[PDB]
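The structure under discussion appears below in the form of structure tokens.
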Amino acid sequence: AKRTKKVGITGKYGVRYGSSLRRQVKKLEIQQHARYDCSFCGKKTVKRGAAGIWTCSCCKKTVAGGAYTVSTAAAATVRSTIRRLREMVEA
Amino acid sequence: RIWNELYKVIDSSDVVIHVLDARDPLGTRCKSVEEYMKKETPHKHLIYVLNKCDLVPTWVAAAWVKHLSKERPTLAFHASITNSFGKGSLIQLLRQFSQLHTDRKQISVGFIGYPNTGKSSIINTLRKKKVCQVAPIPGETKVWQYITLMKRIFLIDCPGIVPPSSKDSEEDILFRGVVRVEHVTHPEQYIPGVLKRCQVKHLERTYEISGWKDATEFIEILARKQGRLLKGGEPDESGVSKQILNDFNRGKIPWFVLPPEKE
Amino acid sequence: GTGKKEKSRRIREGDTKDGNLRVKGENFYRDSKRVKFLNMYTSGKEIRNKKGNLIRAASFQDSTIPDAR
Amino acid sequence: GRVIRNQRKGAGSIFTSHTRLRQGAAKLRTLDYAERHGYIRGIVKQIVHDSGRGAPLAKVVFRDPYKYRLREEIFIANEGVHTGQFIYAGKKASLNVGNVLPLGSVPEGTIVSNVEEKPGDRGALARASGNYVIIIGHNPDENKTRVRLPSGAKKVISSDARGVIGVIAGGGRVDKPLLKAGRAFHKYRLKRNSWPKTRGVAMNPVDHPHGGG
Amino acid sequence: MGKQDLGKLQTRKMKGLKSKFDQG
RNA sequence: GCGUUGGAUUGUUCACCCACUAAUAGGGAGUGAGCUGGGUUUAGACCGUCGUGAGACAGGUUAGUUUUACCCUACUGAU
RNA sequence: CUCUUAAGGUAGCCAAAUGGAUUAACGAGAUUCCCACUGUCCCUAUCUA
RNA sequence: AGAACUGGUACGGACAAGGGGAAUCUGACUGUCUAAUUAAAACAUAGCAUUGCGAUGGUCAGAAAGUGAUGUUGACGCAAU
RNA sequence: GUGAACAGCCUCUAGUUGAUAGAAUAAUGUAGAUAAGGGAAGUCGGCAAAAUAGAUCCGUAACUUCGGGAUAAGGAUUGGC
RNA sequence: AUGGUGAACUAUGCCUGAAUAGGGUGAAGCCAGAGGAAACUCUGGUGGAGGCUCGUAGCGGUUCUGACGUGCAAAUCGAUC
Ligand SMILES: Nc1nc2c(ncn2[C@@H]2O[C@H](COP(=O)(O)OP(=O)(O)OP(=O)(O)O)[C@@H](O)[C@H]2O)c(=O)[nH]1
Ligand SMILES: [Mg+2]
Ligand SMILES: [Zn+2]
């Protein structure tokens, strides 16, 4: 059953540290520990370990990415920014 | 000693302010001193201050100052360091006295009143920090102290005073914050007081005790709901009543006396 | 120094003409009015020598009997 | 007057870097003949977490042109690179994410990182986890190139200098609150011994110009 | 004296002021 | 000559009240090595006041080590 | 030179559920009391090492 | 787990093993410190705020030096609070 | 072996049986015990001691950062066959 | 003042080693069942998270009108924490 009302994984900190900080961390540490899809395998097997480091479980290909998610939004728009700048110089 | 505080600070201060509970300022006016003010120190000032305004309905305290501006200047006020009311009216008010006493190089002001009214509290929310000691118990400040600000206006905080009138009360000394309610002998017997003061509806919400009468019975419904009963199977009369009378004074039950009507 | 010298300060105020009445302990702070006011927190003492013979009486204690005509 | 704390750093007795587990000094490849005329191709063999650094590193190898061997370099990982990806390096290298180029080659509007100040010093600007620069101006005349730093400051340098495409991986590291002193303990035990700091007002007047009262 | 308005001061929300808790 | 108490109270008691009782008389030599509680009172810390500051204090709050006797005499018992 | 009092029926208008620090938890921290309990005491006695 | 039956003043029989409650002040807490009088509200902490600085630089060191710490560092950083 | 248990408790294997003695049982001590009737009147002050204690089952309030509080409280039980 | 000797104590960082019963609570993830169009909401488990907690060893040293005051000791001993 749904054990906790609103803390979830943050219940490991129990009582302490203030409710505002725990509401921030709960937003992050889910993304720290969630699985993700491989762009190479195609399998939901991407895992962080030692932040900034994102391996797929299968095929052992490993992508350097953000600290708490695979791609941050920041480099995500940089990719298309390059894609614009690449083909502008191509043509 | 406790009046040796009082004639000290009165003779020390230039302008006196006088706080009063917004719940029942008539029960707190304590005339008695104003008498001494008019007759022996005519130059001194004696302004009233209404603190704890957040315990009354909005129009109620509005009606009071109209019944109090006719004799004293009487600011309304709510004391808190972080969420207050009416500070800057008083800050505007005081400096005029420092302005009017131009030659005097500085000026004191002492805060007189009943115990447990916020005399210690008001200075803190003036200084926007904790400088006085404060407590929900009545007798918290014990001796006057200078609290300086702006190098000319000095705050003084005498301990709270009850004038020694005969009656004028015996039990309503409990119904002002005067007595630390713990040392009394039978807290059970003053319960029909708070039925007479508080409203049954608002009383019904805070516990959330349903239908009763005969205030001894009112206690015994509560101690069941608290599970606050002795070993087989005595319901706590005293300590529950001690917990009741705190909430009448710490401000967990809503109450006030009706202001004098307009005409 | 040399801008923080009391010689240099008293030239900057132009207050060198006085001389023999300048008071001990006068700084960039503490004018001579202020210094006498501060010292009275300590000056409630009497003075005796090595004997101890009473040199100068304590403050407001001068012990002489005036002629009250 | 005892000698105060920040003056006591200059000995570096214990205040040196806790440097047992640093994987190696991350630099660019030495600016050589090939990189200033053509390109060259390397391979990431692996990327790894480095202690004392938010940015993860990258082991990239190159084949030595002047001798039959393989010499190994260490780069700071731009976000989005994967293992076994080829990386091109040189003046005539094309613009793709993770290549190192001269700055005068790219169009302005480009977002790069690990950029040299002067050409050749193997990359000293914009190296923290999630930082970068953006190229705002080319002055081909007496060839200079004007950019803006992560501090917001704008600075021109030579067009000859180098930098690698894309921002550093590991952004958003400072958003997570550490929540308890033990994580602050495990942070600074790898960097240096400037933790914890006793406040200056708490000390005695021998200790620090605040203390006393 | 300064003129004094009472449109401010949210009064103290006691539990006895709340109709959320009531019997019936 | 012989009597002359029990208590409540430290937001203090240089006291007061309430009760018992025949009555709750006033003192002296006190009992700082019989024991202690407050106060000698040192370093720690906080608030307030003053000072540019070190700091001092109109205050207020808390925590805080001296440890004899076997000798002479007195004293009570003992040969 | 000129000037500052209007608010009324036992809980209000308002503000993006609340309007608070009168803060949970925790502590060989400082303090008051209630029950339980007892040589703390009335008032001392007895036993062992 | 349930049942009979049974002794009894004892049935966690020695041994081992929380008194509880109402409240207030205080500091968030785990932590740490006056070795030999003080463990606390003192300190540290996370958080928060601010200043400094793009390396020919910052903050320091060194009698000097073809010298050093931060620095195997580069503002999601370092240094000062 | 007891038992949740490297606890406490009693044995095996192994190892010690060393710490000046003998005789009497005064006071006061040190350490530890017990009490009629009362139950903090003592005392600055419940200091100290008493009281509670294992497990099974029933039951558990205000407050709250919703995670706690909480073994809250308070009940009822415990052998042997 | 001049010139020297010390980090075996203790202070602090680094290097390489070593050490820490049995209990209590039951975070995420997961499964089943019942609802819901879905989001999901109930119900029953599985799971074994924590600068959590009871509590040995270990570390610390709170309380006692403790013991001892030429003491066993130029900081020990008891009980309590
Ligand atoms: N509702 C409300 N309560 C207040 C306010 N100010 C003070 N109080 C409460 O009143 C109590 C008394 O505050 P104190 O400053 O201790 O009162 P005091 O009379 O000055 O204290 P003493 O002077 O020592 O008698 C405090 O516990 C506060 O809870 C107020 O503005 N509004
Ligand atoms: Mg008061
Ligand atoms: Zn893969």
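Quick note on naming: the chains in the structure tokens go A, B, ... in the order shown, residues restart at 1 in each chain, and ligands are numbered from 1 in order of appearance.
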Worksheet entry | Expected selection as a ChimeraX atom specification for ligand 1 within 6 Å, only C-alpha atoms (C1' of nucleotides) and all ligand atoms | /B:51-52,54-55,78-80,115-121,134-136,138-141,159-160 /G:22
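Around residue 13 of chain E, within 9 Å and counting only C-alpha atoms (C1' of nucleotides), the residues found are residues 54 and 55 of chain B; 10, 11, 15, 16, 17 and 18 of chain E; 19 of chain G, once anything fewer than 2 positions away on its own chain is removed.
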Worksheet item: Quick one: residues within 10 Å of residue 41 of chain I, only C-alpha atoms (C1' of nucleotides) counted, chain neighbours fewer than 3 positions away excluded, as a list in words?
Response: residues 6 and 7 of chain F; 41 and 42 of chain G
Discussion item. Any residue with an atom at most 12 Å from ligand 3 counts, using only C-alpha atoms (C1' of nucleotides) and all ligand atoms. Which are they? Put them as a ChimeraX atom specification.
Written reply: /A:36-47,54-63 /D:82-83
Next, the residues of the selection above should be written as a PDB file, in the first residue's frame with C-alpha atoms.
```pdb
ATOM      1  CA  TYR A  36      16.460   5.949 -17.935  1.00  0.00           C
ATOM      2  CA  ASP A  37      16.338   4.793 -21.519  1.00  0.00           C
ATOM      3  CA  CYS A  38      19.460   3.922 -23.447  1.00  0.00           C
ATOM      4  CA  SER A  39      19.891   5.847 -26.657  1.00  0.00           C
ATOM      5  CA  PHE A  40      22.136   3.036 -27.760  1.00  0.00           C
ATOM      6  CA  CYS A  41      20.520  -0.100 -26.463  1.00  0.00           C
ATOM      7  CA  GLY A  42      16.982   1.176 -26.349  1.00  0.00           C
ATOM      8  CA  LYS A  43      16.506  -0.280 -22.907  1.00  0.00           C
ATOM      9  CA  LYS A  44      15.486   1.373 -19.653  1.00  0.00           C
ATOM     10  CA  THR A  45      18.820   0.489 -18.132  1.00  0.00           C
ATOM     11  CA  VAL A  46      20.692   3.761 -17.809  1.00  0.00           C
ATOM     12  CA  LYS A  47      21.964   4.261 -14.316  1.00  0.00           C
ATOM     13  CA  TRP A  54      25.703   7.589 -16.534  1.00  0.00           C
ATOM     14  CA  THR A  55      26.145   4.022 -17.710  1.00  0.00           C
ATOM     15  CA  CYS A  56      23.674   1.858 -19.499  1.00  0.00           C
ATOM     16  CA  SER A  57      23.474  -1.468 -17.768  1.00  0.00           C
ATOM     17  CA  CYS A  58      23.564  -3.338 -21.047  1.00  0.00           C
ATOM     18  CA  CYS A  59      26.402  -2.917 -23.543  1.00  0.00           C
ATOM     19  CA  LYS A  60      28.434  -0.911 -20.980  1.00  0.00           C
ATOM     20  CA  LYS A  61      28.301   2.312 -22.905  1.00  0.00           C
ATOM     21  CA  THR A  62      28.556   5.265 -20.612  1.00  0.00           C
ATOM     22  CA  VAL A  63      27.549   8.857 -21.173  1.00  0.00           C
TER      23      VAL A  63
ATOM     24  CA  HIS D  82      29.809   8.507 -24.675  1.00  0.00           C
ATOM     25  CA  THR D  83      32.456   5.845 -24.397  1.00  0.00           C
TER      26      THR D  83
END
```
Worksheet item: Excluding same-chain residues fewer than 5 positions from residue 6 of chain D, what lies within 12 Å of it counting only C-alpha atoms (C1' of nucleotides), as a PyMOL selection string?
Response: (chain D and resi 11-12+15+194+197+200+207-209) or (chain H and resi 59-61+69-70+79-81)
For the residues in the current selection, export N, CA, C and O atoms (P, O5', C5', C4', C3', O3' and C1' of nucleotides) as a PDB file, in the first residue's frame.
```pdb
ATOM      1  N   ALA D  11      52.410  28.895   5.003  1.00  0.00           N
ATOM      2  CA  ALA D  11      53.333  27.780   5.141  1.00  0.00           C
ATOM      3  C   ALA D  11      52.866  26.594   4.325  1.00  0.00           C
ATOM      4  O   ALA D  11      53.678  25.888   3.719  1.00  0.00           O
ATOM      5  N   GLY D  12      51.558  26.377   4.275  1.00  0.00           N
ATOM      6  CA  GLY D  12      51.038  25.160   3.688  1.00  0.00           C
ATOM      7  C   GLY D  12      51.475  23.928   4.444  1.00  0.00           C
ATOM      8  O   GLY D  12      52.011  22.992   3.843  1.00  0.00           O
ATOM      9  N   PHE D  15      47.752  22.645   4.961  1.00  0.00           N
ATOM     10  CA  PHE D  15      46.786  23.302   4.114  1.00  0.00           C
ATOM     11  C   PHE D  15      47.003  22.983   2.652  1.00  0.00           C
ATOM     12  O   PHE D  15      46.415  23.634   1.790  1.00  0.00           O
ATOM     13  N   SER D 194      40.423  23.384   5.023  1.00  0.00           N
ATOM     14  CA  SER D 194      39.825  24.628   5.455  1.00  0.00           C
ATOM     15  C   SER D 194      38.405  24.424   5.933  1.00  0.00           C
ATOM     16  O   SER D 194      37.503  25.128   5.478  1.00  0.00           O
ATOM     17  N   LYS D 197      35.203  26.166   9.925  1.00  0.00           N
ATOM     18  CA  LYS D 197      35.754  27.474  10.207  1.00  0.00           C
ATOM     19  C   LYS D 197      35.171  27.965  11.510  1.00  0.00           C
ATOM     20  O   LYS D 197      33.951  28.026  11.664  1.00  0.00           O
ATOM     21  N   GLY D 200      35.232  34.514  13.546  1.00  0.00           N
ATOM     22  CA  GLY D 200      36.239  35.414  14.070  1.00  0.00           C
ATOM     23  C   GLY D 200      35.804  36.094  15.347  1.00  0.00           C
ATOM     24  O   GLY D 200      36.628  36.410  16.202  1.00  0.00           O
ATOM     25  N   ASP D 207      43.811  36.106  18.900  1.00  0.00           N
ATOM     26  CA  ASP D 207      43.619  35.199  17.794  1.00  0.00           C
ATOM     27  C   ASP D 207      43.332  35.900  16.491  1.00  0.00           C
ATOM     28  O   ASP D 207      43.821  35.459  15.453  1.00  0.00           O
ATOM     29  N   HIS D 208      42.572  36.961  16.516  1.00  0.00           N
ATOM     30  CA  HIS D 208      41.979  37.460  15.293  1.00  0.00           C
ATOM     31  C   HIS D 208      41.474  38.857  15.564  1.00  0.00           C
ATOM     32  O   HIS D 208      40.996  39.120  16.668  1.00  0.00           O
ATOM     33  N   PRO D 209      41.521  39.758  14.599  1.00  0.00           N
ATOM     34  CA  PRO D 209      41.160  41.153  14.868  1.00  0.00           C
ATOM     35  C   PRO D 209      39.717  41.415  15.243  1.00  0.00           C
ATOM     36  O   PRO D 209      39.359  42.549  15.555  1.00  0.00           O
TER      37      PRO D 209
ATOM     38  P     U H  59      45.267  39.780  -2.486  1.00  0.00           P
ATOM     39  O5'   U H  59      44.911  39.289  -1.025  1.00  0.00           O
ATOM     40  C5'   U H  59      43.663  38.680  -0.771  1.00  0.00           C
ATOM     41  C4'   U H  59      43.863  37.450   0.042  1.00  0.00           C
ATOM     42  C3'   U H  59      45.161  37.419   0.807  1.00  0.00           C
ATOM     43  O3'   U H  59      45.075  38.212   1.967  1.00  0.00           O
ATOM     44  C1'   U H  59      44.846  35.361  -0.266  1.00  0.00           C
ATOM     45  P     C H  60      46.228  38.258   3.077  1.00  0.00           P
ATOM     46  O5'   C H  60      47.563  37.806   2.357  1.00  0.00           O
ATOM     47  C5'   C H  60      48.708  37.488   3.128  1.00  0.00           C
ATOM     48  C4'   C H  60      48.823  36.008   3.343  1.00  0.00           C
ATOM     49  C3'   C H  60      50.225  35.508   3.595  1.00  0.00           C
ATOM     50  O3'   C H  60      50.643  35.663   4.930  1.00  0.00           O
ATOM     51  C1'   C H  60      49.227  34.189   1.935  1.00  0.00           C
ATOM     52  P     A H  61      52.110  36.236   5.209  1.00  0.00           P
ATOM     53  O5'   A H  61      53.082  35.082   4.709  1.00  0.00           O
ATOM     54  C5'   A H  61      53.089  33.835   5.372  1.00  0.00           C
ATOM     55  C4'   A H  61      53.982  32.820   4.712  1.00  0.00           C
ATOM     56  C3'   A H  61      55.456  33.131   4.672  1.00  0.00           C
ATOM     57  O3'   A H  61      56.081  32.951   5.921  1.00  0.00           O
ATOM     58  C1'   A H  61      54.788  32.201   2.616  1.00  0.00           C
ATOM     59  P     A H  69      54.249  24.749  -3.668  1.00  0.00           P
ATOM     60  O5'   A H  69      53.251  25.328  -2.587  1.00  0.00           O
ATOM     61  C5'   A H  69      53.179  24.747  -1.301  1.00  0.00           C
ATOM     62  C4'   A H  69      51.939  25.200  -0.593  1.00  0.00           C
ATOM     63  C3'   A H  69      50.693  25.181  -1.446  1.00  0.00           C
ATOM     64  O3'   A H  69      50.043  23.937  -1.362  1.00  0.00           O
ATOM     65  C1'   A H  69      50.915  27.284  -0.401  1.00  0.00           C
ATOM     66  P     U H  70      49.267  23.347  -2.619  1.00  0.00           P
ATOM     67  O5'   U H  70      47.991  24.276  -2.730  1.00  0.00           O
ATOM     68  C5'   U H  70      47.008  24.223  -1.718  1.00  0.00           C
ATOM     69  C4'   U H  70      46.043  25.353  -1.862  1.00  0.00           C
ATOM     70  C3'   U H  70      45.326  25.412  -3.181  1.00  0.00           C
ATOM     71  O3'   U H  70      44.263  24.493  -3.224  1.00  0.00           O
ATOM     72  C1'   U H  70      46.049  27.572  -2.562  1.00  0.00           C
ATOM     73  P     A H  79      40.288  27.908  -0.355  1.00  0.00           P
ATOM     74  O5'   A H  79      40.335  29.466  -0.060  1.00  0.00           O
ATOM     75  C5'   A H  79      41.588  30.118  -0.001  1.00  0.00           C
ATOM     76  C4'   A H  79      41.453  31.614   0.018  1.00  0.00           C
ATOM     77  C3'   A H  79      40.675  32.192   1.171  1.00  0.00           C
ATOM     78  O3'   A H  79      41.428  32.222   2.359  1.00  0.00           O
ATOM     79  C1'   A H  79      40.021  33.249  -0.815  1.00  0.00           C
ATOM     80  P     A H  80      40.687  32.035   3.758  1.00  0.00           P
ATOM     81  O5'   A H  80      39.915  33.408   3.955  1.00  0.00           O
ATOM     82  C5'   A H  80      40.654  34.600   4.147  1.00  0.00           C
ATOM     83  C4'   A H  80      39.792  35.830   4.089  1.00  0.00           C
ATOM     84  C3'   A H  80      38.727  35.939   5.145  1.00  0.00           C
ATOM     85  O3'   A H  80      39.255  36.372   6.370  1.00  0.00           O
ATOM     86  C1'   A H  80      37.824  36.539   3.069  1.00  0.00           C
ATOM     87  P     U H  81      39.203  35.377   7.607  1.00  0.00           P
ATOM     88  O5'   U H  81      37.979  35.912   8.449  1.00  0.00           O
ATOM     89  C5'   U H  81      36.670  35.495   8.127  1.00  0.00           C
ATOM     90  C4'   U H  81      35.757  36.667   7.943  1.00  0.00           C
ATOM     91  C3'   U H  81      34.517  36.635   8.805  1.00  0.00           C
ATOM     92  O3'   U H  81      34.748  37.154  10.091  1.00  0.00           O
ATOM     93  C1'   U H  81      33.913  37.096   6.580  1.00  0.00           C
TER      94        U H  81
END
```
Listing only residues of chain I within 10 Å of chain B, what is the closest atom pair and its distance in Å (to one decimal) for each, using only C-alpha atoms (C1' of nucleotides), sorted by chain and residue number ascending, as a Markdown table?
```
| residue | atom | partner | partner_atom | distance |
| --- | --- | --- | --- | --- |
| I:60 | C1' | B:227 | CA | 8.2 |
| I:61 | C1' | B:226 | CA | 4.6 |
| I:62 | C1' | B:226 | CA | 7.2 |
| I:73 | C1' | B:227 | CA | 6.9 |
| I:74 | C1' | B:231 | CA | 7.3 |
| I:75 | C1' | B:232 | CA | 9.4 |
```
Fill in: Separation of atom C1' of residue 65 of chain F from atom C1' of residue 36 of chain H, in Å and rounded to one decimal
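Going from atom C1' of residue 65 of chain F over to atom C1' of residue 36 of chain H covers 10.3 Å.
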Discussion item. Taking 2 positions as the minimum chain separation for residues in the same chain, which residues sit within 10 Å of segment 178-190 of chain B when counting only C-alpha atoms (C1' of nucleotides)? Answer as an MDAnalysis selection string.
Written reply: (chainID B and resid 114:117 136:139 160:162 171:176 192:195 215:216 219 236:246 249) or (chainID F and resid 11) or (chainID G and resid 32:33) or (chainID H and resid 22:23)
Practice prompt. Select all residues from chain G having any atom no more than 8 Å from an atom of chain E (counting only C-alpha atoms (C1' of nucleotides), ignoring ligands), output as a list in words.
Written response: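 Matching residues, ligands excluded from the count: residues 4, 7, 11, 13 and 19 of chain G.
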Item to complete: Name the residues in contact with segment 102-115 of chain D at a cut-off of 7 Å, using only C-alpha atoms (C1' of nucleotides), excluding same-chain residues fewer than 6 positions from it; report them as a ChimeraX atom specification.
Response: /D:91,123-127,131-137,145,159-168
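Residue neighbourhood of residue 53 of chain D, excluding near-sequence residues (fewer than 6 positions): residues 50, 51 and 52 of chain A; 18, 19, 21, 22, 23, 24, 25, 26, 76, 77, 127, 128, 129, 130, 168, 169, 170, 173, 187, 188, 190 and 191 of chain D; 72, 73, 76 and 77 of chain H, at 12 Å, using only C-alpha atoms (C1' of nucleotides).
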Worksheet item: atom CA of residue 27 of chain C and atom CA of residue 41 of chain C are how many Å apart?
Response: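 If I compute the distance from atom CA of residue 27 of chain C to atom CA of residue 41 of chain C, I get 18.7 Å.
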Practice prompt. Determine which residues of chain C DSSP labels as helix (DSSP H, G or I) from the backbone of this structure, then write them out as a list in words.
Written response: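 Result set for chain C (helix (DSSP H, G or I)): residues 6, 7, 8, 9, 10, 11, 12, 13, 32, 33, 34, 35, 36, 37, 38 and 39 of chain C.
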